[PDB]
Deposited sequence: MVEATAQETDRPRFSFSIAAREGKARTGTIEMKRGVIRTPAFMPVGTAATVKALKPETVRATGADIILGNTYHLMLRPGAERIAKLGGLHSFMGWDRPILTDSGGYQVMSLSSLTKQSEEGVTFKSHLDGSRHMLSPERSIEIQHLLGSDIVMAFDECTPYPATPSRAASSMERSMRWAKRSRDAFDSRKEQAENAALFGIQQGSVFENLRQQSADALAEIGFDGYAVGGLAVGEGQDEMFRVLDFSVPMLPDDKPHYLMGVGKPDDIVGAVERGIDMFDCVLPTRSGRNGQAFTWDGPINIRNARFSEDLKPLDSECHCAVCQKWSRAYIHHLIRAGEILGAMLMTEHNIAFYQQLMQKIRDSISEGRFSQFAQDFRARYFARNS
């Protein structure tokens, strides 16, 4: 396999389905990327850089052979840049041990190099919401300067440049002109993939979709589009309808008794499930999972998490199949009707 190749196999409206080929495997898109520590299907997993920086540290991970060996996962891994202050970067103190840490585009790339990830994120600034036009512009402009520094740091590390891929992150808050300037700057630098940053930060689904409507077409069509921090199943479907190819979200693993189902989210702890013999996956019964989680049994939490990860992967498979078959619009309509019934 090549270091990085993205190929679009089929399209319906703005939606696309295809593959990213990398040295460690093929990623089918649209893709959901689960947190790698969530459970023992997914073509790529996430490593949480911020956490790994603090425990056990990137140098220790490298000493143990890198994240692939450490976690027992031989397929692609994506890491964030750690930033989610000055022009140089950000400084912060660790609550775990008081140790001092600085983070900059250069240090972020080096941390991700030591972790050994396959998809490396440029170091950006996620602009808070809401933001004034002036503050969104200033933040986006800094992120673009940091994207160039990330590009140069990545290219100066031969093993990384030859074996990994680098994604740039579009910013600009909710402002069309700033999103355009950001897309132009990123395309001029040149990246393997393009993330839509700065969303899922409190703006709500209608506003997020509005921003995606104009923002995704500004990115290079022939490269993957990654919507960071999204999301709920209905967010994913609507974002695919708007041209997004890749997703990450803490929700399936964070979801406390919450299970995702084709009939919407449910809280399995609710007493209405205490005698419900229907399987959670529409074959442990809802009643048994309810019992385990109400009893505080770790098995219940593990089964819930596995159910949610599996639900998300079944959702992505149905999305990919329906786009490839030219019935994604109908799938999206049927999905929403049942999920929100």
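Check your understanding: Wait, which stretches of the deposited chain are just not there in the structure?
Key -> Since the structure holds only modelled residues, the stretches it omits are 1-10, 51-62, 107-116, 288-289, 317-324, 384-386.
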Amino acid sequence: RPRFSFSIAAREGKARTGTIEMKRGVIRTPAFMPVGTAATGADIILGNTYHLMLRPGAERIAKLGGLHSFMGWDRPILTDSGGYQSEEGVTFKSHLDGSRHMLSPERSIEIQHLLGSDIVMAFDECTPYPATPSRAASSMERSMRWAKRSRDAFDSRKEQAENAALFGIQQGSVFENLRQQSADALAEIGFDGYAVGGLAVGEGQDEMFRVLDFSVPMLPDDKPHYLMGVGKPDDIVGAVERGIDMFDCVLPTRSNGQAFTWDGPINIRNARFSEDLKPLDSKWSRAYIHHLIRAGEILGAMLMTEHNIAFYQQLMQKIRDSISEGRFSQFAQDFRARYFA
From here on, numbers count along this sequence of modelled residues.
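Throughout, rigid core stands for the largest set of C-alpha atoms superposing within 1.5 Å between the two forms.
Exercise for review: Report the stretch with the higher root mean square CA deviation, pooled over structures and residues in 5 other deposited structures of this protein, choosing between 290-298 and 311-319 after a rigid core fit.
Suggested key: Of 290-298 and 311-319, the stretch deviating more in 5 other deposited structures of this protein is 290-298.
Review point. Relative to this form, superposed by the core, which stretch has the greater CA RMS in 5 other deposited structures of this protein: 28-36 or 53-61?
Key: Of 28-36 and 53-61, the stretch deviating more in 5 other deposited structures of this protein is 28-36.
Check your understanding: Is it true that at least a third of the other compared entries have no coordinates for residue 240?
Key -> No; none of the other entries leave residue 240 out.
Check your understanding: Quick one: is residue 96 left out in at least a third of the other entries we compared?
Key -> Residue 96: unmodelled in a third or more of the comparison entries.
Review point. What stretch has the higher average Cα B-factor here, 260-268 or 100-108?
Key: Averaging CA B-factors over each stretch, the winner is 100-108.
Point to revise | Stretch with the greater mean C-alpha B-factor as recorded in the entry, comparing 245-253 against 216-224 | key: It is 245-253.
Practice item. From the list 187, 196, 122, 131, select the residue with the highest C-alpha B factor recorded in the entry. Key: Highest C-alpha B-factor among the listed options: 131.
Check your understanding: So among 61, 289, 44, 39, who wins on Cα B-factor in the entry?
Key -> Each of 61, 289, 44, 39 was compared by C-alpha B-factor; the highest is 39.
Point to revise | Ranked C-alpha temperature factor of residue 50 among modelled chain residues, by third | key: Residue 50: CA B-factor falls in the highest third of its chain.
Check your understanding: Lowest, middle or highest third: where is residue 65 by Cα B-factor in its chain?
Key -> Tercile = middle for this residue's CA B-factor.
Practice item. Going by the recorded CA B-factors, say which third of the chain residue 23 sits in, lowest, middle or highest. Key: Its C-alpha B-factor belongs to the middle third of this chain's values.
**Study point:** Position of residue 145 among the chain's modelled residues by C-alpha B-factor, lowest, middle or highest third
**Key:** For residue 145, whose C-alpha B-factor we compare with every modelled residue in the chain, the answer is the lowest third.
Exercise for review: Grab the CA temperature factor for residue 206 from the record and place it in the lowest, middle or highest third of its chain.
Suggested key: CA B-factor rank for residue 206: highest third.
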